[PDB]
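Engineer: Test case, fold it:
(chains A and B, ligands or ions: 4)
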Number of protein chains: 2
Amino acid sequence: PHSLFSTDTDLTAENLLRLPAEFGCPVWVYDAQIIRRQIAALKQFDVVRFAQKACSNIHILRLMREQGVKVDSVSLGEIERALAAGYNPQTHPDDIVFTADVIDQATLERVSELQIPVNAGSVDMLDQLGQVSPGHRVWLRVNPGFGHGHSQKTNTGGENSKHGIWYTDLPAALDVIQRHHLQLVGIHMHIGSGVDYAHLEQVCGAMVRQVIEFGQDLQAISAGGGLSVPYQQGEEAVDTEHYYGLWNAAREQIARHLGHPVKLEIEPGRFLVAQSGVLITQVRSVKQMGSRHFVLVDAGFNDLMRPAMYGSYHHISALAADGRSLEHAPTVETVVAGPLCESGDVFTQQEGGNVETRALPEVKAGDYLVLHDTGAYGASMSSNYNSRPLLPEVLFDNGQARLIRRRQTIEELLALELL
Amino acid sequence: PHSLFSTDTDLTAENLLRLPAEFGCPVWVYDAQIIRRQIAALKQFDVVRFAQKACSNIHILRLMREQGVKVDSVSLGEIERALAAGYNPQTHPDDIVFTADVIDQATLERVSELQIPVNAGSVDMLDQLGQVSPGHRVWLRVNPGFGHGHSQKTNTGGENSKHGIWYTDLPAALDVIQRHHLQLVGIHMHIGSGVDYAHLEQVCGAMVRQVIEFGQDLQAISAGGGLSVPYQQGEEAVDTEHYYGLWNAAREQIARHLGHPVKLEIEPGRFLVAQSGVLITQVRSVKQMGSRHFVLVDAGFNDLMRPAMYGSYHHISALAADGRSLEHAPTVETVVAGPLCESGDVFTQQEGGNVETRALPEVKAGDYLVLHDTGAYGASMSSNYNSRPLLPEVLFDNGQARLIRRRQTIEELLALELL
Ligand SMILES: *Cc1c(COP(=O)(O)O)cnc(C)c1O
Ligand SMILES: *Cc1c(COP(=O)(O)O)cnc(C)c1O
Ligand SMILES: N[C@@H](CCCC[NH3+])C(=O)O
Ligand SMILES: N[C@@H](CCCC[NH3+])C(=O)O
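Structural biologist: Numbers count the residues shown, from 1 in each chain, chains lettered A, B, ... in the order given. Ligands and ions are numbered 1, 2, ... in the order given. Here you go, the structure:
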């Protein structure tokens, strides 16, 4: 992550300390210039299609669109978000793609009505779309027979994944395409390689193989997402030129097979937005539990779910309430936890649930903690567990912080029940 | 769980098949008479205080109150929910207790204003309350030095838990009580024993020991929650008389020490409400992935989080769309998964993430699946991940189904961003 004192960005110690007083706490903060920087790193690709499930605020989608980035929707709600951010299927038919393994009635009606291209991840879904919208423009998401990581576990590919059309089911997919006269626009894979370039080349090689074997004309291919970001000190950042090298080479073999140019999309979520965001939360209780030193804040797993759900590491900094630097202060092994009435509400824990400590300055109630690199799958995963409201979101653009989401209210949630 | 054909309750195969057509899908369904039955099983206790974080709908809180059950709030949102359900601190001061390890400014103002008794789980929180509301009526949540289950992991007790005042910090708690003239109402523990009666007796014994050592007068003690329910075929249900035997014995030793009657609360969440609820979801895509048979529905981990988060088992039944019984139909080992664009969106997985199968009738798109025993920590944990809206909730009371929560809308979530 970034240092709050080194800061070239707007995410400095001084800027962050003042935010809670103005906008409330806890609160999500993003730096627009960090998103623009991530977008620029993928300028070689023909299309950068943001996976908006990583960070869906409509103002951040507007910023993507401003920069020429298109958008992937995985639900009806995300379609409406893309439309509110100014994407427009009537004038630009490929600015929104609807991607999923399933499609429901309302979404079928919406994609048919607006003619939003559909990336189908199951043969059934392709058939349901085709039956109500003959000749629809589609993509095929293919599961190439393998995923990433432990392969017994829930996966983005392989047999223990729900995602995409199994590669040997392609002929049946073609029958459905032919039955409803569907128009094949492209073939897509989303597996995710991070910085494992050998794995990435297997995905690239599988796309070439499968596209060529399928033997259908198409206009584009997609590399999917899965670019990693270094959440921890010293980890390696993605080399985008290397990603481009490998996927462009795959696109070129395909284009040569087809006898015409083939567009190349990349569909990052995390890479574009993770490092741009932080979460500011106030220390409320500090206590000793046997040999553990506990620091409890006012944000919990309903706000940032990653650590509780996956054991995700997020760098943590402390900000003194009075503003004195804690840059060189002595540290104490600290367990950081939330306000929820649930045992799993601990930000410093490993995959599997083991509690762990973090070297941190010795804060007191009133001080703040900053959780770094929460731009991706932070606010987007939030829940209302413990009847806690969606937090406010703030966007920095060259020194100026602006509210891009107001705090949700308990009244708005009760309105659902006061019928 | 219950059989959809054996059904004495309203949760039958016929009743459930019709619900989605009337109220939408997916949808949470509860049977009021099952909650009343669970409440009746704890009639020996002086007070049954519902942990509303297990199932917070205000109509279900109203039903609790109707039955003489009081309520525990763990956030400001839950306080407002209790007030909307008709609980009233002005006339009945102990009908709502605010319980947590942390307290924020807005909650401090609300509990001071309404004089809602506070169950403090950190010395800092007790001090913050006392400073703004001298003489407030409080409980002390004590961590007795041990939890339940793997003790390296995030816990309800022990040193790897954020919950409650460490038992050796009691003297400091007393200093704070004395400084602000706080009025000690009771002492509480929430560890959770399920059907492990030997562990339960350790908790009971710790409460006696700690209350007597602390040496302060009080009016009540609480056993906390943690009564288990048998999610799987053949598991053992709680013996409430056994729970009462052990806690009443602890209450009696304490009452004898104090020289006057001491009230006994129990604070169940899951036990009261889990088996009363189901989740109905439609099959949308059925596919073969290598050697796995996948059945994807329209509800996902944002709706029911348990399996993805913990590997929780929830019984699954299938309902044919045309209504023919699938009671004796042949089964196929099936992996059941959701619509989300996330690999972890699989309902049939073990703790740790391993995909597993479930013997189920061979459904097709259009058929429905029922997830059993989702009354507790189902709707209450829901999120808006993938821009998916909170689901509708339906309450059965003697054969009649009524809407107790309308489906949230994407417009209501966008209203937070259209400033
Ligand atoms: C989540 C998702 C992505 C984004 O994945 P990241 O790791 O955030 O880049 C891209 N494409 C699809 C189809 C997805 O579901
Ligand atoms: C969650 C919680 C409960 C309820 O636990 P269950 O297992 O659902 O009975 C009771 N008391 C407190 C203080 C809680 O946080
Ligand atoms: N959410 C947890 C319940 C924790 C309750 C602790 N008070 C579960 O579903 O098992
Ligand atoms: N929620 C997951 C991201 C999954 C993205 C898959 N398209 C995480 O925070 O790591």
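Engineer: Surely residue A:203 is within a helix?
Structural biologist: Yes. Counting by DSSP: H, G, I helix; E, B strand; the rest coil, one finds residue A:203 located in a helix.
Engineer: Next up, the contacts around the closest residue to ligand 3 within chain A.
Structural biologist: Taking CB to the nearest ligand atom as the measure, the point where chain A comes nearest ligand 3 is residue A:342, at 4.8 Å. No exception for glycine: its C-beta is placed from N, CA and C like everyone else's. Residues near residue A:342 by CB atoms under 8 Å, 6 or more residues apart in numbering or on different chains: A:300-301, A:385-386, B:53.
Engineer: I'd like to know which of the residues you listed are part of strands.
Structural biologist: Per DSSP state E, strands hold no members of the contacts of residue A:342.
Engineer: Can you add neighbour count and distance to ligand 2 and give the residues you listed back as CSV?
Structural biologist: As requested, the contacts of residue A:342 are arranged in CSV below (neighbours: other CB atoms under 10 Å in any protein chain shown; distance: CB to the nearest ligand atom, whole Å):
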residue, neighbour count, distance to ligand 2
A:300, 28, 12
A:301, 25, 14
A:385, 24, 11
A:386, 26, 9
B:53, 25, 5
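Engineer: Need those residues in TSV (columns: distance to residue B:275).
Structural biologist: Output for the contacts of residue A:342, formatted as TSV (distance: CB to CB, whole Å):
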residue	distance to residue B:275
A:300	27
A:301	25
A:385	21
A:386	22
B:53	17
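Engineer: tally of neighbours for the residue nearest to residue A:339 when sequence neighbours are not counted?
Structural biologist: In this structure, residue A:339 finds its nearest non-sequential neighbour in residue B:102, 4.2 Å apart by CB to CB, 6 or more residues apart in numbering or on different chains. Applying other CB atoms under 10 Å in any protein chain shown, we find 28 residues neighbouring residue B:102.
Engineer: Enumerate every residue touching residue B:102.
Structural biologist: Residue B:102 is in contact with A:284-285, A:296-298, A:338-339, B:121-122, B:125, counting by CB under 8 Å, 6+ apart.
Engineer: From what I see, residue A:333 and residue A:359 are in contact.
Structural biologist: Yes. Between residue A:333 and residue A:359 there is a contact at 6.3 Å, judged by CB atoms under 8 Å.
Engineer: In terms of packing, which of these two has more residues around it?
Structural biologist: residue A:333 (13 against 10).
Engineer: hang on, that one is in a strand, isn't it?
Structural biologist: Yes. Using three-state DSSP, the secondary structure at residue A:333 is a strand.
Engineer: Leaving aside the residues adjacent along the chain, what's closest to it?
Structural biologist: Of all residues not flanking residue A:333 in the chain, residue A:357 sits nearest, at 3.7 Å (CB to CB, 6+ apart).
Engineer: Contacts only, for the one you found.
Structural biologist: A:292-293, A:333-335, A:348.
Engineer: got the contact list for the most centrally placed residue in chain A?
Structural biologist: Nearest residue to the geometric centre of chain A (CA atoms, centre = their mean): residue A:54, 2.2 Å. Applying CB under 8 Å, 6+ apart, we find residue A:54 in contact with A:269-270, A:272-274, A:375-377, A:380.
Engineer: which parts of the stretch 201-350 of chain A sit against ligand 4?
Structural biologist: A:306, A:310 (CB under 6 Å from any ligand atom).
Engineer: can you put the contacts of residue B:102 in JSON lines and add secondary structure and neighbour count?
Structural biologist: Below are the contacts of residue B:102 laid out as JSON lines (DSSP: H, G, I helix; E, B strand; the rest coil; neighbours: other CB atoms under 10 Å in any protein chain shown):
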{"residue": "A:284", "secondary structure": "strand", "neighbour count": "23"}
{"residue": "A:285", "secondary structure": "strand", "neighbour count": "26"}
{"residue": "A:296", "secondary structure": "strand", "neighbour count": "30"}
{"residue": "A:297", "secondary structure": "strand", "neighbour count": "28"}
{"residue": "A:298", "secondary structure": "coil", "neighbour count": "24"}
{"residue": "A:338", "secondary structure": "coil", "neighbour count": "29"}
{"residue": "A:339", "secondary structure": "coil", "neighbour count": "29"}
{"residue": "B:121", "secondary structure": "coil", "neighbour count": "29"}
{"residue": "B:122", "secondary structure": "coil", "neighbour count": "28"}
{"residue": "B:125", "secondary structure": "helix", "neighbour count": "29"}
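Engineer: For ligand 4, state which of those residues is nearest.
Structural biologist: Of the contacts of residue B:102, the one sitting nearest to ligand 4 (CB to the nearest ligand atom) turns out to be residue A:338, at 17.3 Å.
Engineer: any idea how far residue A:400 is from residue A:135?
Structural biologist: From residue A:400 over to residue A:135 the distance is 48 Å, taken as CB to CB, to the nearest Å.
Engineer: need the contact list for residue A:232.
Structural biologist: Contacts of residue A:232 (CB under 8 Å, 6+ apart): A:313, A:315.
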